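Protein chains in written order, with the entry's author numbering: chain A, 82 to 467; chain B, 82 to 467; chain E, 1 to 224; chain H, 1 to 224; chain L, 1 to 211; chain F, 1 to 212.
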Amino acid sequence: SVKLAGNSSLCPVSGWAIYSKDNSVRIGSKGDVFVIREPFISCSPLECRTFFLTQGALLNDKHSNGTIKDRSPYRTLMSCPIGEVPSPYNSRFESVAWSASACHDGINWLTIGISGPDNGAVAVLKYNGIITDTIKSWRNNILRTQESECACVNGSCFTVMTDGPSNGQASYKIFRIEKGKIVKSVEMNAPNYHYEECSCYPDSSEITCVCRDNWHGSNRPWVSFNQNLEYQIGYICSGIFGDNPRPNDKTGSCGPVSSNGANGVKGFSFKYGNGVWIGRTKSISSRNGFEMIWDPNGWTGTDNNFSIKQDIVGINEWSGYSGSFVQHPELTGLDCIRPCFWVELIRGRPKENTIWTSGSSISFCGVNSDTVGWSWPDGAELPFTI
Amino acid sequence: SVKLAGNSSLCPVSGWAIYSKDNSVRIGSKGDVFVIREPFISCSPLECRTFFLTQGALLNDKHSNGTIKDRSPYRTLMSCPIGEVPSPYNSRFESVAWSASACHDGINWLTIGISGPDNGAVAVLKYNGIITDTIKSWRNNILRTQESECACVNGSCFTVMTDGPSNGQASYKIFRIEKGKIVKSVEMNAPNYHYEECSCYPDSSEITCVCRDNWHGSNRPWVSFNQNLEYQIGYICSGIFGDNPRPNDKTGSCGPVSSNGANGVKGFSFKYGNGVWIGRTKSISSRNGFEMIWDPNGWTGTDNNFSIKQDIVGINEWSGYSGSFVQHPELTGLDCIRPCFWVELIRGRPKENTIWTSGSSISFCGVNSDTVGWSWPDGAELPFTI
Amino acid sequence: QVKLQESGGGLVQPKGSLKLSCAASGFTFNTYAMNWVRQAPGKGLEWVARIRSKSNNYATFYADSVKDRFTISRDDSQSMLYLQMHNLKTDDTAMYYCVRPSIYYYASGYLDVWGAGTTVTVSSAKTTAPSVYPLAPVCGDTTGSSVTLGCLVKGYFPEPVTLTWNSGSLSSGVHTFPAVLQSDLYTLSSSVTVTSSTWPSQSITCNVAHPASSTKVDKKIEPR
Amino acid sequence: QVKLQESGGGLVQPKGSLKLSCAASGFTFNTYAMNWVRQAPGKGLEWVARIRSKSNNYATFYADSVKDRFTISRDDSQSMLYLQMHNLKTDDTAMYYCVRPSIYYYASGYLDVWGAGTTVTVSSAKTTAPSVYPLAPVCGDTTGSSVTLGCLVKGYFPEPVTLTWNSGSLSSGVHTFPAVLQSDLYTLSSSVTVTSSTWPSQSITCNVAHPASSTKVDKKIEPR
Amino acid sequence: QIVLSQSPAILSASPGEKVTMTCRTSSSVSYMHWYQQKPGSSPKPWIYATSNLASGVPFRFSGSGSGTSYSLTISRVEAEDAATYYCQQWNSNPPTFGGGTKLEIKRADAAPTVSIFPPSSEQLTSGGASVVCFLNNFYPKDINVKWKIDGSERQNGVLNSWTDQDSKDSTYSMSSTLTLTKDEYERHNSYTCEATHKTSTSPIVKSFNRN
Amino acid sequence: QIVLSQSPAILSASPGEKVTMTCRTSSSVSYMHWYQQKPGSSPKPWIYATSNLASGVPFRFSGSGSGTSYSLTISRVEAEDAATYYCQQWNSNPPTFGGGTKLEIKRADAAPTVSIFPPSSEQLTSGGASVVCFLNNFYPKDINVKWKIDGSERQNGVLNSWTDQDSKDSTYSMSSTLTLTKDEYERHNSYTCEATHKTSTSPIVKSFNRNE
Ligand SMILES: *[C@@H]1O[C@H](CO)[C@@H](O[C@@H]2O[C@H](CO)[C@@H](O)[C@H](O)[C@H]2NC(C)=O)[C@H](O)[C@H]1NC(C)=O
Ligand SMILES: *[C@@H]1O[C@H](CO)[C@@H](O[C@@H]2O[C@H](CO)[C@@H](O)[C@H](O)[C@H]2NC(C)=O)[C@H](O)[C@H]1NC(C)=O
Ligand SMILES: *[C@@H]1O[C@H](CO)[C@@H](O)[C@H](O)[C@H]1NC(C)=O
Ligand SMILES: *[C@@H]1O[C@H](CO)[C@@H](O)[C@H](O)[C@H]1NC(C)=O
Ligand SMILES: *[C@@H]1O[C@H](CO)[C@@H](O)[C@H](O)[C@H]1NC(C)=O
Ligand SMILES: *[C@@H]1O[C@H](CO)[C@@H](O)[C@H](O)[C@H]1NC(C)=O
Ligand SMILES: [Ca+2]
Ligand SMILES: [Ca+2]
Ligand SMILES: [Ca+2]
Ligand SMILES: [Ca+2]
């Protein structure tokens, strides 16, 4: 009934409290649960939901054979209530997609689902599940988008999409989407930057995006912009390097750190003045563990000093993609935009001996109150009978 | 709360964007999914739903044995949300039926479910799931109807039914149904035409139906009529022949093309002035592939020239029945009636070695914007355990 | 592939009439507004007219410079766009383009597809055939290893002419010079430079065609 | 009083151009769609074109018989309607009317005000001046109560001519006959009948004017 | 594309008679409009939306119909009503008119009053020779003129013009002009006009000889 | 009625240089489109809505601006980029285009290679006499031709044509045609072309006499 203002700033936040955990893979050992990946979260003014990409197959069935290329015509984007297992029985269909995004503007859901061939992919935009627009690949090379929630403000929602090589210069677009119709589109001019899998959030009527540099950066690139898509760019300066893989922490850069800069994971961070809350794997070479770090001058300064770290998943346990999501005043009652986050806990291939690959998920929400480090890992015993 | 006006014309449409895909059969390998056929779609002012005919049995269970005659007393008509698997756990019961139709008038659902013996079948009409009328076979020979959505306008819904031989002259009726009660019934006078499995849509307060000639036509017959059931008839003139089986494309006819005219598939097309959007299999002998073709003068002219073709399922993959459905302004927000379509992707018998036969489904919606050819096939590996 | 093949161009007298057409393919013509944009020789681009889709009632719009003389129209069932021109003036001489506009809401006015175009010449001068004169170097000038030959095309009207060498097999070290008008006749020339062992050894020949007069002349370059 | 005075005149050659205008007064021209309807000599009525109000974006509509040749337009600030005609044909010869339609919802299409026309003649024949010959009774009879005189107008083009008697003071017992075309020249005649005491007593004279040739002839009817 | 057919094409009526003229349509319309045209002036708006009379139209007129059949009726026809009545529709583009029904007044028969006129002196001096005959004020309209030169019928060089029915007295008039060369005129004595009209079994004759 | 002014009109750049071309508007627009035209072909759609590159356009290009000021920039210009770039707006009716900016390649100076050609036999027999001179492959483009007949400058009966910058080697060429009557040609011995170009302080000269 009323569009999200998006005009307040981010809630001050001293630590992260556990919000959900689905235990998908443990349950899927017997249940009817989808093989999934990209398990992001997004919230309405009424409820939070987890969105995900199915291969269209169930844990412990032959069609979970992971020989299928990532971008098949079987892949679809679906959603279920937060913390419930993604099951064919409790899940809502959203889009035919192998890359996706989603956000609610206060009135309805927008979904963005990319399918078609590598040289000609089309994003299909729905608003209240009705197709409202489309956009074709413009560099003819794997049009792809966030794998987490878009950000809405003042009745407009905002996203980022990339088309081009994943290991060289590509083309990056920001879009202003209004009631599911693209109303503005800007091609960013960012030579020597790589933007992929952006985690965008709203904060005082502007959007900020922290993304993945898959070409040559182990710190994360950011782009931020207002409702008119007047933008700025950079990289997170902190020497607490955010990507995976990455070197050991040392002096950082405000441009891409080439050292172990190739490849990466989807990740996120939250800006607070000159400071930054950083989410990252614990391992430096592999997608293991997860910790949150507060670096008070980390957005704009290049040292290693941080004030506090909070454990989330032990170094010894499997993790994967991570992403931002927020809760507005319109949902929470607060005078500020509450930052949360979710973590994909990948099981199966390539790291373990199974024919398949599936995520479980956890999430936390920031609070200005007491919290504790722990490890909340997937917990499935592998392999499965298939 | 308010009846659909149905008075606007069809949205101009440059191509077809993917809307849903259920992956029923891949999932049914392990899940609890019905064996289904005739998987059509129809939309409310609030939501789109897929309706289907179950045999009352699950993929990978002995009762999926396809020895049962098509028109058994076990067959029922049910619905589930669009793009979800038809499962006993997520599906709504509608009617006991081996031939069916359904549409929403803006206030409630009408369903039409035909059961009983071959020589005495009865259609039962429900409105909001309450029986509101019935109609008995009048030629005593397999009373049957659309296998896709009826069309509603100005508070009245409209369908077509056929009784008689499937390989000679039969009898064709159009009906005007109001709140689930038949208020008018016309027997068409169409000697040498055969109408079966009609795909009807609304367009400027009139209904247009593109159907299957199972007797002696490889082009599709059409009938169109206004709210009083004052009608006209013909066949699609385009030499891009629409049925399956059919000859290679050559000069067409505005009466039935007898060449490979016997048998067929449920299909559809959309009229735009003298032009036509044609849906059809890619193969000429068998139910394989699917493509959409725009022929600018194809409704009323008999040549082969078309301006554009768009791939939907590769020639090498299995397809089957197809059907129209639309989305009104009352659902979409638009000033025009949006045309969409769905495609049944048949797996199992008679073309493969299984005891059963089940459909998966895909759908697309027309947009006046960017789109791309691809193949979105079923993708189940056959055979199954059973 | 989306394509726009226009036709109808030609030479016509001041005050005259012409009907330009454009055949579209590769898309659904009926869903699109369409445009004509033109370009005077050497001079840049000028929108002339716009017609809309059926679903906007085929509404028509015109540049002032063309208002009351040109009419735009379409036949969707044949994928054709038309421009009827009346009361032509010498100013209307130009290359005329068939032009689809972008369906993108966020780029209103972007013209995303152009045709090759069709040429319109408005003149009271009349269709004349050329003369093609071979040009060989002056006898006795034999020295340098390379050598330049030539072909001269005089007193034709209107444009264009096709000029090739040995039917196009020769395109290295060629310069074909712009035509120039003088008293309503055009003139043009073309040099070809080669190694002096290849000529007079091998046959070097210029090939000129003038569509508007249905002439096709070959001309060999002999010494003397 | 609402009035529509059209203008833009008469004679022009096949393939020619003409711009008809209409000045409106007595109402708010800007609020009204406007129409041109025409009428061939001795034939009936044919709608040709319609332009709408500003508030409907000046949308234009045309009869097929005129499509691609005629353009309709308005200038609200001057209360003018226009019809530009190009590529005229002999069929387009006709009386052209400026025509307001009824604003009544319950009578869509009723044409509630017509102007006098403006005459359009499309012909390759040339403007020729008449000859006016007085006609008196035969030299002899001098009999009955009354007597019939005559005036004959020969070899003019185009229409019309004005013919009066004693400048219009005489209009009783007059018959003025339709003009008839023969080898692209018109002919016409007119008898006047009076009492034989009034003539030759009083002067009876015929007065013929031919606007298109700027001729004005008086002719007296003398006995023989 | 919607066609209108008016019946009859011509209609003759005595003053005081009731008269009806019809207008059919190829397909259905909501209503019909009508206009009145006399020769030499613009149509006048006569009736709108089938039955509504335009200011100035007298009550004798009335208009009816629906669907594909409409009509205009005059309860007691008067002489000023003589004109052509056109119907017109605008249910769909384009607007169309019918073919018209021409209304004429009936009256008592009247023989013509025939006058004959030699070439003027002014025309002779320029080399022309035209002979004129007026057959004025007759009814009905059917009339035939024969020219004779020294007694031989002569057909070439004749131009005829007929008037509209007159408004005062309802009669018709005609004009016939035998036009020759001065040379050929001078080779002959007698010029004659021969009016044939149902009002007489003998032709009405007028003649002169070139003295 | 909305006017677009592009600057500069001509722009010369070495390969590898960065270049910017500008497009100003008489009043404000939301965004700007641009097209690329090489001689003898249709414009190509180059960029839309200020910054979006058309398929096939390489990353060297980028587009910017807002309100009444927009531009197109090439980070490292290459020789194939030489063309004319037009801007275009459609914020209000009618749509309008700028005047174009023509992009040229800079390069090392090159003197012309001058050739001279007498009237053909075929032309002579029909009463005409044309003498041709080609000044080929030079840089920069400023060049001047003087004709001489028995040593007297001759100005009437001359037609000149210059080529576009060549694509392989970036040079220019020119053609000059002194045309006379057969009668007047035969009254004289020597015909001469005189090329003047910054690369030399003396003119480059080519001559022939009729007897040979
Ligand atoms: C919030 O959203 C509204 C609607 O999207 C914005 O209103 C537009 O403002 C621009 C310029 O500021 C105008 O040119 C548009 O025409 C306005 N649209 C409407 C519907 O009013 C508003 O500016 C936005 N507010 C903020 C603070 O960005
Ligand atoms: C839309 O529907 C209404 C109700 O079904 C129609 O109203 C009927 O109109 C017919 C003749 O046109 C009458 O004889 C009925 O008695 C009417 N019923 C009611 C309840 O009013 C209406 O005509 C339809 N409109 C259109 C455009 O078809
Ligand atoms: C956001 O908008 C509301 C409602 O107008 C206002 O009262 C509130 O203080 C705003 N917050 C900020 C940070 O601007
Ligand atoms: C998985 O897929 C591959 C590739 O087609 C096939 O060779 C293999 O046998 C499959 N393995 C299983 C366990 O299904
Ligand atoms: C349909 O009816 C609505 C509501 O009265 C009307 O405004 C609209 O223009 C109609 N549309 C068409 C296409 O006739
Ligand atoms: C299916 O039915 C056939 C025919 O009666 C039978 O032979 C076969 O065993 C059945 N299969 C199963 C699994 O029930
Ligand atoms: Ca990296
Ligand atoms: Ca720090
Ligand atoms: Ca068939
Ligand atoms: Ca065709």
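Virtual Cβ for every residue (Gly too), placed ideally from N, Cα, C.
Closer than 7 Å between beta carbons: that is the criterion. Which residues of the segment 102 to 122 of chain E meet it against chain B?
Going along the segment 102 to 122 of chain E in chain order, one finds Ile103 with a Cβ nearer than 7 Å to chain B.
Would the C-beta of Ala86/B count as close to ligand 5, meaning under 7 Å from any of its heavy atoms?
Flag set: Cβ of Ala86/B near ligand 5.
Which residue wins for smallest C-alpha separation from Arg76/F, given the options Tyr35/F, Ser27/F, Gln1/F, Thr20/F?
Here the closest residue by C-alpha is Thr20/F.
Please determine if the segment 148 to 162 of chain F and the segment 161 to 176 of chain E are in contact, where contact requires at least 3 C-beta pairs separated by less than 8 Å.
They do not touch, by the three-pair rule.
Output yes if chain A places a C-beta closer than 8 Å to the C-beta of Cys446/B; else output no.
At least one chain A Cβ lies under 8 Å of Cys446/B.
From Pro120/A, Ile211/A, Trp303/A, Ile108/A, pick the residue whose C-alpha is nearest to that of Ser182/A; which is it?
Of the listed residues, the one whose Cα sits closest to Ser182/A is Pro120/A.
From the beta carbon of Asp76/E, is the nearest beta carbon of chain H less than 8 Å away?
Not one chain H Cβ lies under 8 Å of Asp76/E.
At a cut-off of 7 Å, would you count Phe387/A as near ligand 8, judging by its Cβ distance to the nearest heavy atom?
Because some heavy atom of ligand 8 lies under 7 Å away, the Cβ of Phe387/A counts as near it: yes.
Note down, in chain order, each residue of its chain lying with its Cβ closer than 6 Å to the Cβ of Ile72/H, except the 5 sequence neighbours on either side.
Correct list, in chain order: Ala49, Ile51, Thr60, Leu83.
Pick helix, strand or coil for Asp376/B, following the three-state DSSP scheme.
Strand, per DSSP.
Can you pull out the residues from the segment 205 to 236 of chain A whose beta carbon lies closer than 7 Å to at least one beta carbon of chain B?
Answer in chain order: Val205, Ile211, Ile212, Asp214, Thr215, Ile216, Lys217.
Is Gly236/B near ligand 2 - that is, is its Cβ less than 7 Å away from at least one heavy atom of it?
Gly236/B Cβ: within cutoff of ligand 2.
Nearest to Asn87/H by CA position, among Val174/H, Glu6/H, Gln13/H, is which residue?
If we check each option's Cα against that of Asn87/H, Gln13/H comes out closest.
How far does the beta strand (DSSP E) with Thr240/B in it extend, from its first residue to its last?
Element bounds for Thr240/B: 237 to 244.
Is it the case that the Cβ atoms of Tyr32/H and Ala49/L are separated by a distance below 8 Å?
It is not a contact, given that the beta carbons lie outside the stated cut-off.
Shorter than 8 Å from the beta carbon of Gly168/H to some beta carbon of chain L?
No, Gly168/H lies away from the interface with chain L (no Cβ there is under 8 Å from its Cβ).
Relative to the C-alpha of residue 495/B, which candidate in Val291/B, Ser285/B, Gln136/B has its C-alpha closest?
Residue numbering for chain B in the displayed model covers 82 to 467; residue 495/B lies beyond these limits and cannot be assessed.
Just the Cα atoms here: how many angstroms apart are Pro58/F and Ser364/A?
Cα to Cα, the separation comes out at about 38 Å.
Just grab the DSSP bridge partners of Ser180/A for me.
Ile195/A.
Can you give me, in chain order, the residues of the segment 158 to 186 of chain B that have a beta carbon less than 8 Å from any beta carbon in chain A?
If the cut-off is 8 Å between Cβ atoms, the segment 158 to 186 of chain B has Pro162, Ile163, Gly164, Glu165, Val166, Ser168, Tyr170, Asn171 near chain A.
Can you say whether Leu127/A is buried or exposed, counting buried as having 16 or more other CB atoms within 10 angstroms of its CB?
It is exposed - the Cβ of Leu127/A has fewer than 16 other Cβ atoms within 10 Å.
If you measure between the beta carbons of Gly348/B and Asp294/B, is that distance less than 8 Å?
For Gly348/B and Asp294/B, no; Cβs fall outside 8 Å.
Examine chain B for any beta-carbon lying closer than 8 Å to the beta-carbon of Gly44/E, and answer yes or no.
Output row for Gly44/E: interface = no.
For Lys126/H, count neighbouring C-beta atoms within 10 Å of its own C-beta (all shown protein chains included) and say buried if the count is 16 or more, exposed if not.
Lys126/H is exposed by the Cβ-count criterion.
Give, in chain order, every residue of the segment 14 to 42 of chain E whose Cβ lies closer than 9 Å to some Cβ of chain B.
Those residues of the segment 14 to 42 of chain E that come within reach of chain B (Cβ to Cβ, closer than 9 Å) are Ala24, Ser25, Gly26, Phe27, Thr28, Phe29, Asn30, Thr31, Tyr32.
With 16 other CB atoms within 10 Å as the buried threshold, where does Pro95/L fall?
Buried is the call here.
Give a yes or no on contact between the segment 87 to 100 of chain E and the segment 75 to 92 of chain F, applying the rule of three or more CB pairs nearer than 8 Å.
Contact between the segment 87 to 100 of chain E and the segment 75 to 92 of chain F is absent, because fewer than three Cβ pairs lie under 8 Å.
Excluding five sequence neighbours on each side, which residues of the same chain lie with their C-beta closer than 6 Å to the C-beta of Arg69/E?
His86, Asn87, listed in sequence order.
Looking only at its chain, what residues have a beta carbon closer than 7 Å to the beta carbon of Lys352/B, apart from the 5 residues adjacent to it on each side?
The answer, listed in chain order, is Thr289, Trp380.
Going by alpha carbons, who is nearest to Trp455/A out of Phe445/A, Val116/A, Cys161/A?
Among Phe445/A, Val116/A, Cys161/A, the Cα nearest to that of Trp455/A is on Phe445/A.
With a cut-off of 8 Å, do at least 3 Cβ pairs link the segment 95 to 112 of chain A to the segment 123 to 143 of chain A?
The segment 95 to 112 of chain A, when compared against the segment 123 to 143 of chain A, does touch it at the 8 Å Cβ threshold.
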